Structure formats: structure tokens, C-alpha cells
Amino acid sequence: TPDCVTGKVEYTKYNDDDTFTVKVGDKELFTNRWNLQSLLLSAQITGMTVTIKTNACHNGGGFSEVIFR
Amino acid sequence: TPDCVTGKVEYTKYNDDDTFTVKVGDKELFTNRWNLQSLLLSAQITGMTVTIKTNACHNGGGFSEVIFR
Amino acid sequence: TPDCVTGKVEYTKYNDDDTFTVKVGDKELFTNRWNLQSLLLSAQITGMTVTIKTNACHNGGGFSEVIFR
Amino acid sequence: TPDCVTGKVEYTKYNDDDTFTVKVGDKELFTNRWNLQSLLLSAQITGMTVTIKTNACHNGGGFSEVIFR
Amino acid sequence: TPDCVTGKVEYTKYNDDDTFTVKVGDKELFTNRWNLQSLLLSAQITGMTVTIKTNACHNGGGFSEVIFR
Amino acid sequence: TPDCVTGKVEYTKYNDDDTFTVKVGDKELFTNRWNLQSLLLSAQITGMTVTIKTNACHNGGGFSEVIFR
Amino acid sequence: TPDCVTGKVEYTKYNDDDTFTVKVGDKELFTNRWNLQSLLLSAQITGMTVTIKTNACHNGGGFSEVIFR
Amino acid sequence: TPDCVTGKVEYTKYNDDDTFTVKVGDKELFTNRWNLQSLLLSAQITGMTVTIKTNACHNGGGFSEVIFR
Amino acid sequence: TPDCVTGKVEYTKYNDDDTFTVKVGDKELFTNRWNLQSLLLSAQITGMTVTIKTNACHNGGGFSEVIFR
Amino acid sequence: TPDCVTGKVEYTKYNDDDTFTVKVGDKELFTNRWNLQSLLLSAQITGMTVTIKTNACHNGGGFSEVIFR
């Protein structure tokens, strides 16, 4: 899967349908994987650099693959 | 969903029915989403600014949408 | 539910029946709510002030309501 | 010295003259005590509730007394 | 249940059968309680003093009771 | 020097004369040692148990000796 | 099970099939144990030294045993 | 003083002349204020959003004013 | 300088003469280096393993060399 | 100044002459800058990746320039 955006987490959002949205770089993306909710908030809280990989690389696109550095 | 309150978490409360209450700004609101319990306590512990979005924007009103900054 | 004790968590204990015991102020109380186990240890670790509300306000009494400040 | 404001630290600012500004509640106040710079940032980072005591309780007023809870 | 060992967590280990091993003092003990896995790692990470209570107080013995201080 | 109070830090206060006040157990004590200011706030933030040793064991009394556990 | 690699976690990755990949030393390894996802991210965040034990000690190999120091 | 850049700290650098460099947004700026060295590293470590204010808003420019949010 | 003790910090103590005492393993040792006071408390708070090197390897002996792992 | 080593901090050491030694990658290097002592321990504690720049790129060599990521 190709890299979409790399950077620090600007903000995260819990959605009404239980999905989770994250804003990294200039993209707002969402994921339906429940395990990723606490992992991404932890990366936000500790200033980690994350790389999100997805073919739906556009605002509102979904993802499941993330690299935490 | 419209913004209701934005601010730091003043306190949180675990309820007898397993719901979770949060006090942000001048509103006390609750949520029945289990995943949000640890996320909101983490935001409280790290001084994050949260925005709660809900149509029931009054004391005792419920919510499911939160932005963590 | 009336306030029972307010203070910092002195210690916590995982029990053989999977319940969790907490010592706050001069009372040792237990809870059978699984979600509260990590929330109370987090409050212990970060020096939070907690208020436990219960009608069984005596050593060995149970509770489910807690306010985290 | 009378209480001026109580609340969580909204933001802090390092000034050109080496003083430190803090925004708590609806007041922006500054202090010239060097030691308080790291203590206030730590309170900001850990979501502590602080009470600033000063007779110059107005925007731009200075202070030296702070209670950390 | 009698005290077995008291001290800081030296190391922890995730086992192939999903049990968790902990080394406290001069004993290596394991537990099959899933909830204790994150609680013990948190105690390890924050330098907490733990007391493990078990009748199988020998290397390889199991436990379920732990006091976190 | 005899033990005065043992417990968790309830609150700390920076004073106008640059001394630091701490409330542990039922005593409010102060210290004029600059180094202790960040050490005591760190103990407050991490829920450490501290023992303050002083012959002036009364409200307003001073101290310089502290054990961090 | 023999030791494969010992060192600090260089990065972690959540995969599309819900497995988790970790880079320690010169090896990229994955695990299908859900519990290990938050434990390994916590070790990454706190600079812990980990030892991964596996017979598939090569890039892409899987593991279930980890020692956290 | 006008805002120059707002964002998360991408990296920091200790220089041979004892000044400190920070990369925020698309600018690499330095400061000669010793107190700011630990404050900026703490903001980096906790993922804070900072605004640097300076008239020398270009790579290599210096600053002394920072807002920590 | 030969190794004296290796282990986790059991407790630390600020002394009346401004020296700092640490208990590691079965030895209580002190140091007069001011910089080491916050470094050792940080190692205590984060459960680090420290090795103290000193020729005065006995209770009450002094040291200046410490390895933090 | 050319890069010497990049990696996570393996261990740090306080020396008898008040200098500070750090082991990154395959090199043990020291610095005489007092400010860097707490900054490097913080990077060790939070698993940061550091790049040390120095012309004395060999065991025992000194440095003053470090990039914290």
C-alpha cells in the first residue's frame, strides 16, 4: 500500500458510527479498526511521527495501515 | 453535529449504569460509548482541549462525538 | 448516591475473583466493574483525587461510582 | 493575598524580557520568578488545577503566588 | 493468601500460551488473568512496588493476586 | 531528625518570598531549599509517598529533609 | 524458544489483516496476538529494551514471545 | 511581535555555541535563551502546539517569544 | 571505578546538608553532586535500572558515578 | 559538523569530572555541556531518536551537537 501522509497527529475525532478520524498533514482520514483508537491517541499525546498508508488518499478516505515512529 | 462545548476536562465520572460523565466548560454530559471512557480520562490526564459535538447540548445531555486537540 | 470517601488512591489490589480493591482515605472498598480497573490504576499513577460514592460505605463494601478530579 | 483565578492552564508564553505569561480562566497574568516557568509548564502538561493569588487581578497583572492541585 | 514477594518489577514476559510472566524479587511467576497484563506492565513502567500473593511461591508458580503501591 | 508526616502530596504552593509550601497528611509545611521545589512537584504529579522529617512538626513549620518512595 | 533480537523498538506498524509488525535491531517481525499491540507500543514510547524470542528469526517471521526490560 | 510559525515541534538541536534550534512548520529557528531549551524539548515530547513570534521569520532567524498550547 | 550496586531505586532522600541519598539493592549511598538529584529522581520515577560505581561501597559511602539503563 | 551516529540512547553515565557519557549506536561519547545532561536523559526515557554530530567520531570522543527527533 502506498504512503499517503507522514507527520504528527494534529487532532483525532471519535465519530457517531464508532469510527475514528485523524488529521495528519493536510488530510483528514478515518479508520474502522477499533484497536487503532487508543494507539493513535497515544501517538498524538506523545508527539510521535506517523505514516498512514492507503489507496484512498483524499479527505474522508479510509485506512487501516499506520507506521508509528 | 453542532459544537456544544470546547475546553479542558474539569472532571469525569463512572456511573452505576456503566455510562461515563464528563464536565467540560459549563456542561455536564454523558456518553454510553465504552471506548470513550479511557480516551476521555487520557485527555483529562494530559490537559488536552476537547470539543464535544451534540444536539443535546444541556446538562445531562448525551454525546458520542468528540474532537481531541 | 452519597459520597463515601474523597482522597488520593493509597493502593489498589487485583483479587482472585477478578474484582478490584482500592484504598482511599480510611476505607478499603471493592468494585466488580472491569472497566474501572485500568481507570483507577491510572488515577493512582497520576496522583488524581477521587471521590467514591456508595451506600456500602464501610471496609469491604462495594462501589461502582467514582469521580476523577 | 486574595485569590484571583482558579482553573486549568489554557496556555503559557515566554516573553522577550524573560518573564512568563499564563492564561488561567479569563485572565492573562505574568510572573518574573524564573523558578515558576518550569513548574507552570508542568502543571499545563499534566492538567493540574492552579489558583493564582495576586492583588493585580486584571489582564497584564503580575503574580508570584500559585497553588498547584 | 500469603505474601510471596514484594518489590519492583524486574521484567515481564508474554508467553506463547498467552499467559504473562513477571520477575519480582528472586521469583519468576506467571498469571493467566488477561487483565493483569497491562496493569503489570504499567507498574513496571512507573516503578511501582508490587506485592504478589500466592501459595505457589516458587519459580514457575502461578498467581492472581497483586497489590500495587 | 524525627518523622513528622508521611503521605501523598495534597497540594504545593509557591510563596512570595520564594519558599515552597507543601501539604502532606494534616500538616502544611514550608522549605527554603530551591532544589526541592521541582522534586516535590514531581512527587505530587506522580503520586509518590513522601515522608517529611522535621523538629518543627506543626503547621507553618519548616523542613529540609524528605524521603521519596 | 531461542532469542532472535534484543534492542529498542525502532518502529511499529498496524497491518491490514490486524496483525502488528515491529522493527527491533535488524529484523522486522510480526505477531498475531492482539494483546501485544498496546504492550509493544508502550515499550516503544518508554524506550524499553525488548527481547523477541522466535524460531522464525528472519524478516517477515512471526513471534508471540517477548521479554520487556 | 508578529506570529511566524505555528505547529508541532518537528525536531530540536543543541548547537556548539550553546544556542538551541527548533524546526516548526517550514522554518528552522534558533534562540539564545537558556530557559527555553527544556521548555521546548518538553513541548516536543508531549506533542504541544507552539507558536513562535519573531520579526526574523526566515530559516536561521532568531526568536525569544513562544506560546505553548 | 568498580561497580558497587546495580538495581532499581528503592527510595531517595534529600538531606539537611543538601546532599542526596539513594537506596539501591542493599546499600544506602549519598552524593554531593547537585545535577544528580533530578536525574536520580527521574530514574526512580521511570523504573530505570542503575549501576552506581564507587570505592566506598558500604552504607553511608559516597559516589559520583552512575550508569542509567 | 558531520553526523557521527544516529539511534536510540542505549545508556547514559554521569562521570566523576561532571561530564556526561552517552552510548548511541556503536559509539560511547561524552559531553561537557551541563544543559545536555537532562535533555539526553529525557531522550533516553522517551525513546527519542538522536543524531550526534562530532568530528571526534570514535569511542571516548567528545561532542556538543545533538539533534532530537
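First chain written, first letter: the chains are A, B, C, D, E, F, G, H, I and J, and each begins at residue 1.
Assume a contact is a pair of C-beta atoms (placed from the backbone, for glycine too) under 8 Å apart; a residue touches a chain by one contact, two chains touch by 3 or more.
To keep track of the chains, here are their UniProt names: A, B, C, D, E, F, G, H, I, J = Shiga toxin subunit B.
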(request) If every step must land on a chain the current one touches, say how few steps get you from chain A to chain G. (result) 1
(request) Going through C-F, G-J or D-H one by one, find the pair whose contacts repeat those of A-G for over half of the pairs by residue number. (result) D-H
(request) Tell me which of B-C and C-F has more C-beta pairs in contact. (result) B-C
(message) Centroid from C-alpha atoms only, then distance chain D to chain G, rounded to Å. What do you get?
(response) 44
(message) Give the residues of chain A touching no fewer than two other chains, as numbers and ranges.
(response) 10, 38, 42, 44-46, 48, 69
(request) Show which residues of chain E lie in contact with chain G when the two form their complex. (result) 10-16, 18, 34, 37-38, 41-42, 44-45
(message) Taking the touch rule as given, give the residues of chain E at its contact with chain I in the complex, in rising order.
(response) 8-10, 44-48
(request) Name, in rising order, each residue of chain F that touches chain I in their complex. (result) 1, 33, 35-36, 38-39, 42, 46, 48, 64-69
